[PDB]
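Remarks on the structure that follows.
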Amino acid sequence: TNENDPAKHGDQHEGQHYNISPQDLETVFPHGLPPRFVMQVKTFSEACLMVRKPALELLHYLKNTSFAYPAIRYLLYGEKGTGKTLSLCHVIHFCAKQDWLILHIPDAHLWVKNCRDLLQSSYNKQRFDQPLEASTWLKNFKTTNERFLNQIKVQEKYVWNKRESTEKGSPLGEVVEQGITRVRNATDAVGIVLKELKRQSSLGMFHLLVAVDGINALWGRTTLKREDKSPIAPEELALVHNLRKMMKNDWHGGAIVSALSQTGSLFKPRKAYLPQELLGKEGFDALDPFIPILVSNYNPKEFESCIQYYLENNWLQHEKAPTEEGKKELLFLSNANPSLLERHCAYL
RNA sequence: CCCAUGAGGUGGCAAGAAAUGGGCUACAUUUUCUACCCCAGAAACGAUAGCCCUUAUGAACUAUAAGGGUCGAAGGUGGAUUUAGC
Ligand SMILES: Nc1nc2c(ncn2[C@@H]2O[C@H](COP(=O)(O)OP(=O)(O)OP(=O)(O)O)[C@@H](O)[C@H]2O)c(=O)[nH]1
Ligand SMILES: [Mg+2]
């Protein structure tokens with residue numbers, strides 16, 4: 001049930017649970033969860049994550065990985081309700097313990113859709129602006145990480161419309177504060193710091209890691225429209241174009257991880273979870289090869305271990321449920337689906 | 001009536017100072033918007049009326065119907081009573 005070694009893991013004991021620290025919650029990943037599960041763990045008041053077979057296999061990949069090889073690309077995909085993104089957060093935890101520069105985004109659905117104010121950029125042309133989300137992710141990355149910002153030492157300058165500029169040998173904490181102070185050019189600040197991360201090709205001072213959730217939103221059309229009642233293409237958006245031009249496998253110093261999510265998929269049908277189906281033709285042309293990782297449903301013993309975890313937490317107040325017929329009907333109606341399992345144990 | 005009270009061809013007639021009836025709309029968050037029709041994300045709504053334009057057929061669109069831009073209120077769940085339903 002419970003595990004005493006949270007950082008290191010093994011295959012021998014599967015379905016185990018390992019506790020984590022509050023500083024690891026608030027510093028490593030304060031954003032990269034669904035708000036449902038965020039509040040769910042807040043109500044837990046006891047942060048314990050479960051081990052997964054594909055998670056351990058991906059960790060084995062990371063353990064057996066050379067950075068002289070090109071930047072490897074991993075894609076997690078489940079059946080719309082598995083633990084793909086939670087295993088991605090587990091990878092984030094492992095790499096943070098490994099002391100790498102991790103940049104993790106909450107979701108790209110929020111980027112491509114639901115912008116309160118879409119703007120002619122001055123740093124470029126033929127490009128809208130995502131200022132609010134830019135500053136949001138900027139302060140998000142600041143909260144995620146500090147010595148890295150202090151020691152980044154950008155070897156290039158950047159002027160600004162605000163009668164100011166930034167010169168060599170300065171830490172990009174100052175551009176982080178720029179974007180947090182004013183949000184208009186925060187999109188340009190983000191699209192510039194992302195390029196600056198790769199501007200250092202050696203990456204000996206740190207090792208770069210990219211973590212993406214809802215990758216399906218990155219490849220696909222937009223719901224936004226132009227004020228003249230005209231559609232908007234995804235590549236026209238500032239952040240979309242920046243990210244697309246940016247993640248290319250050109251830095252070749254580690255790995256990047258992305259996860260699929262159909263719950264927020266737009267212009268796509270229900271009960272569709274195949275990678276090719278989600279990322280489309282343009283996605284396959286963007287990254288023809290990659291490491292697909294199928295995140296299957298819970299195993300039997302892992303399922304019973306999760307039940308025992310809930311019982312130790314006294315999550316199920318229905319005290320006639322801990323019995324053979326109750327468990328049978330429970331996992332029969334659940335079909336080992338983690339999300340509906342969480343829902344059922346929540347409202348039971 | 002049967003040089004008409006019959007017959008033929010042009011036009012408009014067919015509006016509301018007003019009262020009432022049947023139906024539609026919404027007066028909210030079980031609501032409104034976005035892809036799917038149900039595990040998501042936001043707002044904290046309401047024009048099938050009017051003005052302008054486009055489209056459907058007609059010989060005839062001032063306006064008949066549908067669509068687009070604007071207008072973005074009344075409205076905050078009903079004054080007796082009363083209607084339909086096993
Ligand atoms: N404790 C624990 N819960 C898990 C694990 N894997 C899946 N779950 C449960 O399953 C739910 C789904 O996990 P998510 O990764 O957030 O789901 P998702 O990948 O976003 O799925 P979609 O976005 O709908 O496509 C979680 O909220 C958990 O309740 C796990 O390894 N440990
Ligand atoms: Mg006509």
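Going by the structure tokens order, chains are called A, B, ..., each with residues numbered from 1, while ligands are numbered from 1 in the order shown.
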field: Shell of 9 Å around ligand 2 (only C-alpha atoms (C1' of nucleotides) and all ligand atoms), written as a PyMOL selection string
entry: chain B and resi 56-58+60-61+64
Write out, as a Markdown table, each residue of chain A that has an atom at most 12 Å from chain B, together with the closest pair of atoms and their distance in Å to one decimal, counting only C-alpha atoms (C1' of nucleotides), rows going by chain and rising number.
```
| residue | atom | partner | partner_atom | distance |
| --- | --- | --- | --- | --- |
| A:34 | CA | B:40 | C1' | 10.2 |
| A:35 | CA | B:41 | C1' | 11.1 |
| A:36 | CA | B:39 | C1' | 10.6 |
| A:80 | CA | B:39 | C1' | 9.0 |
| A:81 | CA | B:39 | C1' | 8.0 |
| A:82 | CA | B:39 | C1' | 11.6 |
| A:107 | CA | B:41 | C1' | 11.1 |
| A:108 | CA | B:41 | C1' | 11.8 |
| A:109 | CA | B:41 | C1' | 8.6 |
| A:110 | CA | B:41 | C1' | 7.5 |
| A:111 | CA | B:41 | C1' | 11.1 |
| A:112 | CA | B:41 | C1' | 11.4 |
| A:113 | CA | B:34 | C1' | 8.4 |
| A:114 | CA | B:42 | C1' | 6.7 |
| A:115 | CA | B:42 | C1' | 9.3 |
| A:116 | CA | B:42 | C1' | 9.2 |
| A:214 | CA | B:40 | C1' | 11.6 |
| A:217 | CA | B:35 | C1' | 11.4 |
| A:220 | CA | B:35 | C1' | 11.4 |
| A:221 | CA | B:35 | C1' | 10.7 |
| A:222 | CA | B:35 | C1' | 10.3 |
| A:223 | CA | B:34 | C1' | 7.2 |
| A:224 | CA | B:34 | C1' | 9.4 |
| A:225 | CA | B:34 | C1' | 11.8 |
| A:227 | CA | B:69 | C1' | 11.8 |
| A:228 | CA | B:69 | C1' | 10.1 |
| A:229 | CA | B:68 | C1' | 10.1 |
| A:261 | CA | B:40 | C1' | 10.1 |
| A:262 | CA | B:40 | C1' | 9.0 |
| A:263 | CA | B:40 | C1' | 5.5 |
| A:264 | CA | B:40 | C1' | 5.1 |
| A:265 | CA | B:35 | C1' | 6.7 |
| A:266 | CA | B:35 | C1' | 3.9 |
| A:267 | CA | B:35 | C1' | 4.5 |
| A:268 | CA | B:35 | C1' | 6.3 |
| A:269 | CA | B:36 | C1' | 5.3 |
| A:270 | CA | B:36 | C1' | 5.5 |
| A:271 | CA | B:36 | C1' | 9.3 |
| A:272 | CA | B:36 | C1' | 10.3 |
| A:337 | CA | B:39 | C1' | 11.0 |
| A:338 | CA | B:39 | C1' | 10.8 |
| A:339 | CA | B:39 | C1' | 7.2 |
| A:340 | CA | B:39 | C1' | 7.1 |
| A:341 | CA | B:39 | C1' | 10.6 |
| A:342 | CA | B:39 | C1' | 10.2 |
| A:343 | CA | B:39 | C1' | 8.2 |
| A:344 | CA | B:39 | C1' | 11.1 |
```
Export, as a compact mmCIF listing (two decimals), in the first residue's frame, the selected residues with C-alpha atoms.
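Below is the file again_6.txt, written as the result:
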```txt
# COMPACT_ATOMS: atom_id res chain seq x y z
CA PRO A 34 -6.63 19.27 -12.98
CA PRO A 35 -8.31 21.57 -10.45
CA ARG A 36 -10.62 18.71 -9.48
CA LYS A 80 -9.67 9.40 -21.62
CA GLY A 81 -9.52 8.78 -17.89
CA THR A 82 -6.26 6.95 -17.20
CA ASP A 107 -2.59 22.73 -20.64
CA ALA A 108 -2.66 23.93 -24.24
CA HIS A 109 -6.46 23.86 -24.41
CA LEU A 110 -6.43 26.93 -22.17
CA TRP A 111 -3.98 28.55 -24.59
CA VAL A 112 -5.79 27.79 -27.84
CA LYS A 113 -9.24 28.47 -26.35
CA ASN A 114 -10.86 30.78 -23.78
CA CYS A 115 -8.73 33.91 -24.09
CA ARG A 116 -10.45 36.96 -22.60
CA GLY A 214 -3.22 18.23 -23.51
CA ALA A 217 -4.65 21.22 -28.42
CA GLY A 220 -5.71 21.61 -34.25
CA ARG A 221 -7.87 24.54 -35.25
CA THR A 222 -8.96 27.38 -32.98
CA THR A 223 -12.39 28.35 -31.68
CA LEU A 224 -11.52 32.06 -31.67
CA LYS A 225 -12.70 34.41 -34.42
CA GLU A 227 -13.65 40.86 -34.96
CA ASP A 228 -14.87 40.97 -38.59
CA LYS A 229 -16.48 37.52 -38.06
CA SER A 261 -6.22 14.51 -23.23
CA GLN A 262 -9.55 14.04 -24.99
CA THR A 263 -11.73 15.54 -22.24
CA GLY A 264 -10.80 19.00 -23.54
CA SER A 265 -10.35 18.03 -27.19
CA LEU A 266 -12.06 20.42 -29.59
CA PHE A 267 -13.53 19.55 -33.00
CA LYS A 268 -13.05 15.85 -32.20
CA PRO A 269 -15.48 13.04 -31.37
CA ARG A 270 -15.98 11.28 -28.07
CA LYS A 271 -14.39 7.87 -27.37
CA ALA A 272 -11.40 8.69 -29.59
CA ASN A 337 -11.25 3.27 -15.15
CA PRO A 338 -9.25 5.57 -12.83
CA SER A 339 -11.34 8.72 -13.35
CA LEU A 340 -14.74 7.10 -12.86
CA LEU A 341 -13.19 5.18 -9.96
CA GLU A 342 -12.23 8.46 -8.30
CA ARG A 343 -15.73 9.81 -8.96
CA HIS A 344 -17.44 6.72 -7.53
```
message: Need the shell around range 22-26 of chain A: protein/DNA/RNA residues with any atom at most 9 Å away, counting only C-alpha atoms (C1' of nucleotides). Skip same-chain ones fewer than 3 positions apart. Format as a PyMOL selection string?
response: chain A and resi 29-31+47+93+143-144
Given the selection you just returned, output its residues as a file containing N, CA and C atoms, formatted as a tab-separated table (two decimals), in the first residue's frame.
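Heads up, here's the output in result.tsv:
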```
chain	number	residue	atom	x	y	z
A	29	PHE	N	5.27	21.30	-8.77
A	29	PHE	CA	4.06	21.39	-9.59
A	29	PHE	C	2.95	22.03	-8.77
A	30	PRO	N	2.84	23.36	-8.79
A	30	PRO	CA	1.67	24.03	-8.21
A	30	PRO	C	0.52	24.23	-9.18
A	31	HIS	N	0.70	23.87	-10.45
A	31	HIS	CA	-0.25	24.21	-11.50
A	31	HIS	C	-0.62	23.01	-12.36
A	47	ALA	N	-0.53	13.98	0.86
A	47	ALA	CA	-0.16	13.82	-0.54
A	47	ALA	C	0.60	12.51	-0.71
A	93	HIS	N	8.35	15.06	-11.01
A	93	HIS	CA	8.90	14.90	-9.67
A	93	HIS	C	10.27	14.23	-9.71
A	143	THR	N	7.40	30.66	-10.08
A	143	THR	CA	7.08	29.90	-8.88
A	143	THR	C	7.65	28.49	-8.95
A	144	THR	N	7.66	27.89	-10.14
A	144	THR	CA	8.22	26.55	-10.28
A	144	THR	C	9.71	26.55	-10.00
```
field: Long-range neighbours of residue 164 in chain A as a PyMOL selection string, 12 Å cut-off, only C-alpha atoms (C1' of nucleotides), 3 positions minimum in chain
entry: chain A and resi 157-161+167+174-175+178
Write out, as a short mmCIF file (atom, residue, chain, number, x, y, z; two decimals), in the first residue's frame, the residues just selected, with N, CA and C atoms.
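This is the output file selection-v3.cif:
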```
data_model
loop_
_atom_site.label_atom_id
_atom_site.label_comp_id
_atom_site.auth_asym_id
_atom_site.auth_seq_id
_atom_site.Cartn_x
_atom_site.Cartn_y
_atom_site.Cartn_z
N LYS A 157 21.01 40.46 -25.92
CA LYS A 157 20.23 41.58 -25.41
C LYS A 157 18.84 41.59 -26.01
N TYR A 158 17.97 42.40 -25.41
CA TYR A 158 16.60 42.56 -25.89
C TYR A 158 16.13 43.97 -25.55
N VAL A 159 15.72 44.72 -26.58
CA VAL A 159 15.15 46.05 -26.37
C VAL A 159 13.69 45.88 -25.99
N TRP A 160 13.06 46.95 -25.51
CA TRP A 160 11.64 46.94 -25.23
C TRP A 160 11.05 48.28 -25.61
N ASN A 161 9.74 48.27 -25.90
CA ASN A 161 9.05 49.52 -26.19
C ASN A 161 9.00 50.44 -24.98
N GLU A 167 20.67 43.84 -21.29
CA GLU A 167 21.98 43.64 -21.89
C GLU A 167 22.52 42.25 -21.55
N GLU A 174 14.97 39.17 -14.53
CA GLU A 174 14.55 40.54 -14.79
C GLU A 174 13.49 40.60 -15.88
N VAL A 175 13.58 39.74 -16.90
CA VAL A 175 12.51 39.72 -17.90
C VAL A 175 11.27 39.04 -17.33
N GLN A 178 9.74 41.77 -15.64
CA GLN A 178 9.16 42.64 -16.67
C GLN A 178 7.76 42.17 -17.06
#
```
- prompt: Could you pull out all residues of range 26-154 of chain A with a DSSP call of alpha helix (DSSP H) and give them as a PyMOL selection string?
  reply: chain A and resi 35-44+53-63+84-97+109-112+131-144+147-151
task: Enumerate the residues of range 13-216 of chain A with a DSSP assignment of strand (DSSP E or B), computed from the backbone, and present them as a ChimeraX atom specification.
output: /A:17-19,48-50,72-77,101-104,154,158-160,164-166,170,208-212
Could you save those same residues with N, CA, C and O atoms as an mmCIF file, in the first residue's frame?
```cif
data_model
loop_
_atom_site.group_PDB
_atom_site.id
_atom_site.type_symbol
_atom_site.label_atom_id
_atom_site.label_comp_id
_atom_site.auth_asym_id
_atom_site.auth_seq_id
_atom_site.Cartn_x
_atom_site.Cartn_y
_atom_site.Cartn_z
ATOM 1 N N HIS A 17 2.043 3.095 -2.842
ATOM 2 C CA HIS A 17 1.837 4.528 -2.699
ATOM 3 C C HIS A 17 3.004 5.127 -1.928
ATOM 4 O O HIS A 17 3.457 4.558 -0.930
ATOM 5 N N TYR A 18 3.486 6.277 -2.393
ATOM 6 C CA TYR A 18 4.608 6.972 -1.776
ATOM 7 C C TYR A 18 4.183 8.390 -1.427
ATOM 8 O O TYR A 18 3.578 9.083 -2.253
ATOM 9 N N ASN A 19 4.490 8.808 -0.203
ATOM 10 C CA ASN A 19 4.160 10.148 0.257
ATOM 11 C C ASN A 19 5.136 11.168 -0.316
ATOM 12 O O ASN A 19 6.283 10.848 -0.642
ATOM 13 N N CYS A 48 -0.052 11.538 -1.348
ATOM 14 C CA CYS A 48 0.556 10.256 -1.678
ATOM 15 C C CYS A 48 0.218 9.911 -3.120
ATOM 16 O O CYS A 48 -0.955 9.935 -3.508
ATOM 17 N N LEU A 49 1.241 9.590 -3.907
ATOM 18 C CA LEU A 49 1.076 9.221 -5.305
ATOM 19 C C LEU A 49 1.317 7.727 -5.484
ATOM 20 O O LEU A 49 2.135 7.126 -4.786
ATOM 21 N N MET A 50 0.608 7.138 -6.441
ATOM 22 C CA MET A 50 0.670 5.706 -6.686
ATOM 23 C C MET A 50 1.643 5.401 -7.817
ATOM 24 O O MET A 50 1.819 6.196 -8.744
ATOM 25 N N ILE A 72 15.045 13.354 -27.186
ATOM 26 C CA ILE A 72 14.010 12.345 -27.373
ATOM 27 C C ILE A 72 12.646 12.942 -27.046
ATOM 28 O O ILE A 72 12.528 13.900 -26.273
ATOM 29 N N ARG A 73 11.606 12.382 -27.659
ATOM 30 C CA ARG A 73 10.241 12.881 -27.535
ATOM 31 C C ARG A 73 9.338 11.747 -27.070
ATOM 32 O O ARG A 73 9.278 10.697 -27.719
ATOM 33 N N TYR A 74 8.639 11.962 -25.957
ATOM 34 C CA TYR A 74 7.720 10.983 -25.393
ATOM 35 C C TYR A 74 6.292 11.504 -25.483
ATOM 36 O O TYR A 74 6.037 12.685 -25.219
ATOM 37 N N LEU A 75 5.359 10.617 -25.834
ATOM 38 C CA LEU A 75 3.942 10.956 -25.902
ATOM 39 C C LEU A 75 3.154 9.938 -25.093
ATOM 40 O O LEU A 75 3.122 8.754 -25.444
ATOM 41 N N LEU A 76 2.501 10.406 -24.032
ATOM 42 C CA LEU A 76 1.628 9.578 -23.214
ATOM 43 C C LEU A 76 0.214 9.649 -23.775
ATOM 44 O O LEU A 76 -0.276 10.739 -24.094
ATOM 45 N N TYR A 77 -0.442 8.495 -23.893
ATOM 46 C CA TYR A 77 -1.816 8.456 -24.379
ATOM 47 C C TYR A 77 -2.575 7.358 -23.652
ATOM 48 O O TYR A 77 -2.067 6.243 -23.499
ATOM 49 N N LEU A 101 16.341 21.556 -15.100
ATOM 50 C CA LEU A 101 15.502 22.724 -15.355
ATOM 51 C C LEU A 101 14.246 22.243 -16.069
ATOM 52 O O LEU A 101 14.263 21.973 -17.273
ATOM 53 N N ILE A 102 13.150 22.137 -15.324
ATOM 54 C CA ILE A 102 11.885 21.633 -15.838
ATOM 55 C C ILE A 102 10.975 22.822 -16.105
ATOM 56 O O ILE A 102 10.718 23.630 -15.204
ATOM 57 N N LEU A 103 10.485 22.934 -17.336
ATOM 58 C CA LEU A 103 9.399 23.846 -17.667
ATOM 59 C C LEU A 103 8.179 23.002 -18.000
ATOM 60 O O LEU A 103 8.224 22.177 -18.920
ATOM 61 N N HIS A 104 7.102 23.198 -17.244
ATOM 62 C CA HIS A 104 5.879 22.430 -17.402
ATOM 63 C C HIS A 104 4.713 23.384 -17.592
ATOM 64 O O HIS A 104 4.594 24.380 -16.872
ATOM 65 N N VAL A 154 21.894 34.938 -19.961
ATOM 66 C CA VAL A 154 21.585 35.070 -21.380
ATOM 67 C C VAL A 154 22.709 35.824 -22.074
ATOM 68 O O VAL A 154 23.108 36.915 -21.649
ATOM 69 N N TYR A 158 17.972 42.403 -25.412
ATOM 70 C CA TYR A 158 16.602 42.562 -25.891
ATOM 71 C C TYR A 158 16.127 43.966 -25.554
ATOM 72 O O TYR A 158 16.126 44.354 -24.384
ATOM 73 N N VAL A 159 15.724 44.720 -26.575
ATOM 74 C CA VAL A 159 15.154 46.048 -26.372
ATOM 75 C C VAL A 159 13.689 45.883 -25.994
ATOM 76 O O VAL A 159 13.122 44.794 -26.136
ATOM 77 N N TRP A 160 13.063 46.954 -25.509
ATOM 78 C CA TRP A 160 11.639 46.935 -25.226
ATOM 79 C C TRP A 160 11.046 48.282 -25.607
ATOM 80 O O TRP A 160 11.739 49.302 -25.643
ATOM 81 N N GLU A 164 13.371 51.019 -22.494
ATOM 82 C CA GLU A 164 14.330 50.254 -21.712
ATOM 83 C C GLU A 164 14.859 49.093 -22.544
ATOM 84 O O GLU A 164 14.355 48.788 -23.629
ATOM 85 N N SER A 165 15.895 48.447 -22.016
ATOM 86 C CA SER A 165 16.512 47.309 -22.681
ATOM 87 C C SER A 165 17.184 46.430 -21.636
ATOM 88 O O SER A 165 17.330 46.808 -20.470
ATOM 89 N N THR A 166 17.589 45.242 -22.074
ATOM 90 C CA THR A 166 18.287 44.273 -21.242
ATOM 91 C C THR A 166 19.539 43.831 -21.983
ATOM 92 O O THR A 166 19.466 43.489 -23.166
ATOM 93 N N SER A 170 22.991 39.340 -17.908
ATOM 94 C CA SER A 170 21.926 39.572 -16.944
ATOM 95 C C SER A 170 21.065 38.324 -16.793
ATOM 96 O O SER A 170 20.827 37.614 -17.776
ATOM 97 N N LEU A 208 17.713 20.574 -19.739
ATOM 98 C CA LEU A 208 16.396 21.127 -20.020
ATOM 99 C C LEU A 208 15.364 20.017 -20.160
ATOM 100 O O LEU A 208 15.643 18.960 -20.733
ATOM 101 N N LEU A 209 14.167 20.266 -19.630
ATOM 102 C CA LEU A 209 13.056 19.333 -19.753
ATOM 103 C C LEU A 209 11.782 20.110 -20.034
ATOM 104 O O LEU A 209 11.514 21.126 -19.383
ATOM 105 N N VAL A 210 11.010 19.635 -21.009
ATOM 106 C CA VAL A 210 9.735 20.230 -21.392
ATOM 107 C C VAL A 210 8.632 19.252 -21.017
ATOM 108 O O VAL A 210 8.743 18.050 -21.290
ATOM 109 N N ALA A 211 7.575 19.763 -20.388
ATOM 110 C CA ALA A 211 6.449 18.948 -19.947
ATOM 111 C C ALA A 211 5.159 19.600 -20.422
ATOM 112 O O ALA A 211 4.876 20.755 -20.076
ATOM 113 N N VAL A 212 4.381 18.859 -21.210
ATOM 114 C CA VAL A 212 3.195 19.385 -21.875
ATOM 115 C C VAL A 212 2.007 18.489 -21.553
ATOM 116 O O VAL A 212 2.114 17.259 -21.623
#
```
message: For residue 77 in chain B, find every residue with an atom within 12 Å (counting only C-alpha atoms (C1' of nucleotides)), except residues of its own chain fewer than 3 positions away, and show them as a list in words.
response: residues 26, 27 and 28 of chain B
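Distances from A:126, A:258, A:66, A:98 to ligand 1 were compared using only C-alpha atoms and all ligand atoms, and the smallest one belongs to A:258.
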